[PDB]
Structures are given as structure tokens and as C-alpha cells.
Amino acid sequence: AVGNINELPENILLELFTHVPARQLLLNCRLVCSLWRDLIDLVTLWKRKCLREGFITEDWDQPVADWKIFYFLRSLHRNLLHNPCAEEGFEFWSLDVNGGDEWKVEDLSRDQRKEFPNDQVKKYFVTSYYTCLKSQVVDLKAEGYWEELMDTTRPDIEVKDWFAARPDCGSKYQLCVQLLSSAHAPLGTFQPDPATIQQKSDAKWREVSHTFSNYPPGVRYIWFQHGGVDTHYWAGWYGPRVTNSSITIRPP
């Protein structure tokens, strides 16, 4: 007979901890006693929660400074931008400027669907003949990134976006992404160099990409805005098309 949970083998205790939500393991269980604290501070517990949930496999071959951190961040990882391809119209986006005949939503060709290294981009947003811009603000707390995680760990923040514009297009693609404080005060801004945007304006789908690292403490929101600003020479009925926008937070 086993007359106490702590007379179980270490390997089994690890196995049990595996099924305790991680936040709770850390806050409550490291306090229960020193065995539990020692067991929960082993790499192997987290290493194998990660395995039971697909975040890694047997061939994992990269140094990980802290597995607890790694674990949480992989567990929270997903696109924080809602309705990034236009599966539900303009829901979640502020048409900050909506000139001309306005922002539209339309279907991608089956040929253009391949240009994404996902099978699951079936639509895009497209701008009119005057400037059109839209926005979405990400609320980090509300998406599971509590404050001290942001401040303590400063995990990398990766932003992507895809657009297609002719070199000749009547409105130029534009992209601004800012990290914001609890006051909504900027703590780092990104806009791609306009030269390398014009370089990407052949008529094909191009990605643009950036990672914020070592940003300051205080980051509570990210503001993301994009669209086309009118050049003032007519070249058609629509400007840049954009889709498959994303923001994620990756293990740094």
C-alpha cells in the first residue's frame, strides 16, 4: 500500500504535475513542500508537458534558457489579431480612413491561394481609389499576457502582413505598428522603409515582417494599422490588397 501521495515514485509525481494547470503548479504547488518544489523546478516536468501537447518532439535540439517560460509562451501562442483574413467582413477593424468607394472584401483566386504557405487564406481586404486605412488594437492582458510576464520576460513580438500592389498603383501600401503603454503612449514604432515597400509592389502577394525585442517595461497594447495612401495619380479603382495579418508572441 502507498499511504501518502509522496510515497509514489518521482516519475509518477512528475506525471501527476503534468495534469495540473501550469499557473497553479507554480503559484500553489511549489509551496506545498520542498519535494514538490524541487520536482516542479526540474526541466523534465515542463519538457514533457510540452511533449504531451505537441509544442515539441523527440528531435527537439535547441537550447531553452527557461522551460517554464518557454512552456507558457508556446501554450499562449496564436494570432492575436482577430479576423485577419476577411472571413467575417470588417469585424474587429476600425476603418480609420475609408475614402472613395471604400474598403471592400473579396475572394482570392484558387491560383492566388497557393501564394500563401497556408491553404487557409481565402479572402482579402482591398482599398479604394482614395486613401483607406484600418486598425486593430491588441489588448495583451485580455489575450492572456499578464503584466509581469510582459515586464519580466519581454518576450519577442512578431508582426506580419501580406499585401499586393502594382508598382504603378494609385495608392501606396502603408504599415505602422506601435507598442503602447497602459496610457496608450507609444513605446516603439515600426513602419517598413517605403523604398522596400515599392520594391515589393509587383502585382504579387508579399509578406512584410518585423520583430520587436528588448522593448521597455510597460507594454500593454499593440496598435496595428494598414492600407493605401493616395499618390494623387489615378491608376484604377482599387489600391493595395492586404490579408493574413498577424501578431504573435514567441519564446525569446
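All residue numbers refer to positions in the sequence shown, first residue = 1.
Exercise. Compare the mean C-alpha B-factor of 115 to 123 with that of 70 to 78 as given in the PDB entry, and name the stretch with the higher value.
Key: Mean C-alpha B-factor is greater for 115 to 123.
Quiz item: Of 56 to 64 and 24 to 32, which one has the bigger average CA B-factor?
Solution: Averaged over C-alpha atoms, the B-factors run higher in 56 to 64.
Practice problem: Could you check 182, 83, 98, 94 and tell me which one carries the biggest Cα B-factor in the deposited entry? | Solution: Reading the PDB entry, the winner on C-alpha B-factor is 182.
Quiz item: Whose C-alpha has the highest temperature factor in the PDB entry: 166, 160, 104, 134?
Solution: The listed residue with the largest C-alpha B-factor is 166.
Quiz prompt | residue 44 CA temperature factor, ranked by third within the chain | solution = It falls in the top third of the chain.
Quiz item: By its CA B factor, does residue 128 count among the lowest, middle or highest third of the modelled residues in the chain?
Solution: Answer is lowest: the recorded C-alpha B-factor places it there.
Quiz item: residue 194's Cα B-factor: lowest, middle or highest third of the chain?
Solution: Its C-alpha B-factor, which the entry lists for residue 194, ranks in the highest third among residues of this chain.
Exercise. Consider only the C-alpha atoms of the modelled residues in this chain, order them by B-factor as the entry records it, and name the third containing residue 241: lowest, middle or highest.
Key: According to the entry, residue 241 has a C-alpha B-factor in the chain's lowest third.
Quiz item: Considering only modelled residues of the same chain, in which third does the CA B-factor of residue 178 rank: lowest, middle or highest?
Solution: Answer is lowest: the recorded C-alpha B-factor places it there.
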